[PDB]
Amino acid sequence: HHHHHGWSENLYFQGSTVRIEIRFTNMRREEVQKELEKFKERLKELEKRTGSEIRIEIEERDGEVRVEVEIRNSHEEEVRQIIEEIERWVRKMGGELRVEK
């Protein structure tokens, strides 16, 4: 018998949005997991002390990790800070970073 499972999410909003994406391959799976849990916690802190809204998407496939951060109602300072916490991953583990203004 044939089966289908589907899931979708649609977001409709207004305002400015900055998107930051990183992709890397790692060989410290549990370490990176705890760093991602720390990074999510830092983004929640940064969102709390600002008027912005922050969405983070994480995809993991056997060591390949892709992270997407979207910031709505952002200010330049807040974008610059988020890159910084991300820059450590790119520099230390190698990988790719992409900024969509």
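From 1 onward, residues are counted along the sequence shown.
Mind pulling up the entry and telling me whether 55-63 or 68-76 has the higher mean Cα temperature factor?
-> Averaged over C-alpha atoms, the B-factors run higher in 68-76.
So where's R98 on the chain's Cα temperature factor ranking, which third?
-> Within its chain, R98 is a lowest-third residue by C-alpha B-factor, going by the deposited values.
Ranked by Cα temperature factor within the chain, is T25 in the lowest third, the middle third or the highest third?
-> As the PDB entry reports it, the C-alpha B-factor of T25 lands in the middle third of its chain.
Report the third (lowest, middle or highest) to which the CA temperature factor of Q81 belongs, ranking only the modelled residues of the same chain.
-> Tercile = highest for this residue's CA B-factor.
For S16, does the deposited CA B-factor place it in the lowest, middle or highest third of the chain?
-> Within its chain, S16 is a highest-third residue by C-alpha B-factor, going by the deposited values.
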